[PDB]
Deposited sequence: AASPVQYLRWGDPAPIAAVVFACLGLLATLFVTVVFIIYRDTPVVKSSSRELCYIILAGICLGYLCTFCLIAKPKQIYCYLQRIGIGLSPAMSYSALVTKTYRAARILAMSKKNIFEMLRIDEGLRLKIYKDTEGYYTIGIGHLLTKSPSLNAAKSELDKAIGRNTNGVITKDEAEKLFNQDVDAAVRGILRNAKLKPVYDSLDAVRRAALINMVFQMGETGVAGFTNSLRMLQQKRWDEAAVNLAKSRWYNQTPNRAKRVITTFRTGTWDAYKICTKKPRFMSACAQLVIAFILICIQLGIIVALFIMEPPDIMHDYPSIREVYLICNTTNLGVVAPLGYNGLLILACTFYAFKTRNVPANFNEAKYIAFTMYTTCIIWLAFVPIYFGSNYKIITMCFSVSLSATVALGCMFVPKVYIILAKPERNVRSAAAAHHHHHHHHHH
C-alpha cells in the first residue's frame, strides 16, 4: 500500500501514483477534446489516427506505475516488461511515421522550386565559372572562391559524397540547390522589406519571389515597393499589371511572364511542373517489432518474482537493454526527421513543437541511462522516468493544440 509507506516515512510510492493518476486524467481530457473537436481544422489537418496511437502510448506509459507499484503477482512482471517497452514504441512509431511523411512532403515541396528555376535560369552538370570568375556548378551553386580547380573538385566531392570528377547529375544539383534556397530564404527573413510579403504568400507564390531574388538579388526585389505591397494585400491581378510595366519585364520578358503568371494564379500552370492507411500499417509494423523483441525475451528469460509495495521481478539487463535500444532508434529517427522539418509551418506550426519534444526526450532518455544503472532504487526511478517522458510528449505536443481548441476558437480556422 503506497499510503502505508507514506505513513512509515516513504513518500515515493504515493508520489509516483499521483503522477500517474494526474497523467491519466490529462490524457483522458486531451483525448475526449480531440474526439469532440475532430472536425475542426486544428485536429483534421493532421493524422487523427496516429494521434490516438500517440495518446494510447502516453496513457499506457502512466499505467506502468500500477505494475511497478503493485501486489506480487506474476502477470504484473509480464505487464511491466510489456508497458515499459511498448508504451514508448506506440508513441514514437506513430510519431516517426508522422515526421517521416513531413520530411517526404518537404522534399517533394523543394523539387517544384528546383524545376521552376531549372527552366528559368538554367543548369550546368559540370563545373564552370560565373561572371566574377569563381567556380560554380548546377543552378549557380558556388563551390570555392580559390583559383584552384582542384579546390572546387575537392569541395564538390565533400558536398556530394563521391568522387564526381567535376561532373554531377540532376538530383545532385537539386541537393546543392536546396542549400541555395535555404540561404536565400534566410536573407529574405533578415530583410525588413521582403519579410512581410514572404510571410503572407502561400508556398507557390513564395517560389516566384525566391525566383526573383535569384535573378535580381534582395536589394533589387526591394525596388518593387508598390508591387510587393499589392501582393501582400493579395491583390494578384493588380500586382501583375504593375509588374508587367517594369524594366525587369522589358529586359527578360520570357522569364518575367512566367513568374508574373504564377503570382496571379498561385499555381504552377506557367511551368512544366503518402497514403493514410499506410501510416497505420507502418506504425503497426514498427510496434510489432518491439512486441516481438519483448515476446522473445519472455521465452529466453521468463518473468518471475525475485523474492512490499515495490514489485521486484527477475528482469535481466538484456530484458531491459534490448527494448531500450529499439526505443532509442525510434527516438533518434524521430528527432532526425523532426529536426529536418522543424521550420515547416503547416498545422499551426505543429512541427516546431514536435522538434522541441524530441530534443527534450533525447536529454531525458540519455540522462536516465547512467541514472538508472547507477541507482539502488530502480523501480522508483523507472516510475518517474516513464511518467516524465510521457508528460513531455503530452505537454509539448497536445497541450498547445487543446489550448487553441478551447481558448482560441477564432484562430481554429484553415
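Do you know which deposited regions have no coordinates at all? The deposited sequence has unmodelled segments at 1-2, 276-282, 317-322, 430-444.
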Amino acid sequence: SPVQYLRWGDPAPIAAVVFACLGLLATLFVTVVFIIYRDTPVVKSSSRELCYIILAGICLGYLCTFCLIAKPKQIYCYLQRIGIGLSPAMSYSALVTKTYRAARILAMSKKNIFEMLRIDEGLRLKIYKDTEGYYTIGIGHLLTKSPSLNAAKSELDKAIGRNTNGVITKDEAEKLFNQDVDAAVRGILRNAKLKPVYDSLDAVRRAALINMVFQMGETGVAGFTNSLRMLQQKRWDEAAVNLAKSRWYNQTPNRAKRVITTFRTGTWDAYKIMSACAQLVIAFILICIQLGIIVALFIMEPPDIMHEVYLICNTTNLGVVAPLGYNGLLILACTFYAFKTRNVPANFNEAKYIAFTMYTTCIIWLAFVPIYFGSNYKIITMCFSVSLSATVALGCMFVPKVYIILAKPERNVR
From here on, numbers count along this sequence of modelled residues.
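Would you say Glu238 is missing from a third or more of the other compared entries? No, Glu238 has coordinates in all the other entries compared.
Is it true that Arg190 goes unbuilt in a third or more of the other compared entries of this protein? Modelled in all the others, so no.
Which wins on mean Cα temperature factor, 248-256 or 190-198? Per the deposited B-factors, the answer is 190-198.
Averaging C-alpha B-factors over each stretch, which comes out higher, 72-80 or 294-302? So the stretch with the higher mean C-alpha B-factor is 72-80.
Member of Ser385, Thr361, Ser45, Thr65 with the greatest C-alpha B factor (per the PDB record): Among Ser385, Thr361, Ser45, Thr65, the PDB entry lists the largest C-alpha B-factor for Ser45.
Taking the Cα B-factors listed in the entry, which of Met116, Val309, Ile287, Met212 comes out highest? In the PDB entry, the greatest C-alpha B-factor among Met116, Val309, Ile287, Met212 is found at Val309.
Place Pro41 in the lowest, middle or highest third of its chain's C-alpha B-factors, as listed in the PDB entry. Highest third - that is where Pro41 ends up once the chain's C-alpha B-factors are sorted.
Determine, from the deposited record, the chain-internal third of the Cα B-factor for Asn376: lowest, middle or highest. As the PDB entry reports it, the C-alpha B-factor of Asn376 lands in the middle third of its chain.
How does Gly61 rank on Cα B-factor within its chain, lowest, middle or highest third? Ranked within chain, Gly61 CA B lands in the lowest tercile.
Ranked by Cα temperature factor within the chain, is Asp157 in the lowest third, the middle third or the highest third? It falls in the top third of the chain.
Chain thirds of CA B-factor: placement of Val241: Middle third.
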